[PDB]
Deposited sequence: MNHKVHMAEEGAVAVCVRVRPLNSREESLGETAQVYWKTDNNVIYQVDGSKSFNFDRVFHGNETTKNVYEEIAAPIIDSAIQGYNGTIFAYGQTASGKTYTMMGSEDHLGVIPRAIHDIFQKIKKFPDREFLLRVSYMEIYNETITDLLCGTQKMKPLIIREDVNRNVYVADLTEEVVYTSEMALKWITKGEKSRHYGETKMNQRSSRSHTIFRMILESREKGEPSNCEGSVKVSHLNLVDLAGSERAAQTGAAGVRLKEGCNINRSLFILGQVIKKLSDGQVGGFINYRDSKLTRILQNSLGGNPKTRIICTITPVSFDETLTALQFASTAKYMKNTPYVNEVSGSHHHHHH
């Protein structure tokens, strides 16, 4: 249970219906090529009519449980542009994503431990064109942030704000504030493409009401692979795509090296800041989002998700003074 990988297949979108061959079909564990021999097995495959409540309760809720018990937990959404990462991780008021569901779930679950005092604090950062910025601190205080390595060789983002929250409502208002500064852009593939990697973090601390359990819960919505022939991107949008594709290539190389056996975490800000999530001291989950009418991008995503199944994390309960 240190590392687990699932797939989420979305329904077809407006763009795909205006066209498309279905390359992929699924059951709850296997995604297989329609008129070919390729197949991939996962601990869970979600189909197009399964909701983000199903994804949340099966994949994320146990990671929230482990965070309350003092384990670091990280959930990544990975997949091609317009495959469903932001839909799954953030969603909307109409149908909540993993991030807002985790907030409600945390505030409800900590009431089961009245003999424990909880302190919760949130951070929200973006990695855009290999620059790290604080989405919470408001525009006038935004600046490129530095990754440092502390006395225990833990990596951290220097001067990233951490906001104490006492209600679900307060946490959700911080997410809203951060979303205002997040980089989005219009392409032919997604009218609201995520042009950066985003990391929503909760630090959960608890102690007996009478030592302190500390968990970092990192909920990560990656940018997605994209091609100029599909996006019609030019100028800054096209530059963003190049940067995104480069960063995902590096994440795949780090995952491949971990699966085999030194590890090139330093080649991207994303692999450096989440090094502890990739072979380290946390429980990591990967939600691989795919569209079934893609062959090459879906194949790349399934091969990444397959390789990540073999990543060896060694999580333990984090207890300090």
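As a test: can you identify every run of the deposited sequence that has no C-alpha position in this structure, in order?
Residues missing from the model, as numbered along the full deposited sequence, span 1-10, 30-32, 224-230, 282-285, 346-353.
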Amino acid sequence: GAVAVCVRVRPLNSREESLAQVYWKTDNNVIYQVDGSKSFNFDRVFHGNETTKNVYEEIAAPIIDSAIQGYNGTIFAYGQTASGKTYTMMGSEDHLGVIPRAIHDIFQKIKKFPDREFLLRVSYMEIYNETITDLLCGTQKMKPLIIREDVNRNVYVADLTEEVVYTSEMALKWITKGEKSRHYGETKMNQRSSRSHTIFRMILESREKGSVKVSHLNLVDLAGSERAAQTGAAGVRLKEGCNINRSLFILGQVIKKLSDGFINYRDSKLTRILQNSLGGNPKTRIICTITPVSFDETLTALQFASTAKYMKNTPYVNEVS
From here on, numbers count along this sequence of modelled residues.
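Given the B-factors recorded for C-alpha atoms, which segment has the greater mean, 134-142 or 167-175?
The entry gives the higher C-alpha B-factor average to 134-142.
Highest mean C-alpha temperature factor of the two stretches 22-30 and 64-72, which is it?
It is 22-30.
Of the choices 100, 210, 84, 241, which one's C-alpha carries the largest B-factor in the record?
210 has the highest C-alpha B-factor of those listed.
Whose CA atom has the top B-factor in the entry, of 270, 263, 59, 45?
When the deposited C-alpha B-factors of 270, 263, 59, 45 are compared, 263 is largest.
Could you place residue 161 in the lowest, middle or highest third of its chain by Cα temperature factor, using the values in the record?
Its C-alpha B-factor belongs to the highest third of this chain's values.
Taking the entry's C-alpha B-factors for this chain, is residue 258 in the lowest, middle or highest third?
As the PDB entry reports it, the C-alpha B-factor of residue 258 lands in the highest third of its chain.
Taking the values exactly as deposited, rank residue 41 by C-alpha B-factor within its chain and report the matching third: lowest, middle or highest.
According to the entry, residue 41 has a C-alpha B-factor in the chain's highest third.
Relative to the other modelled residues of the same chain, rank the CA B-factor of residue 149 and answer lowest, middle or highest third.
For residue 149, the deposited C-alpha B-factor lands in the highest third.
Comparing against every modelled residue in the chain, figure out the third that the C-alpha B-factor of residue 9 lands in (lowest, middle or highest).
Its C-alpha B-factor belongs to the lowest third of this chain's values.
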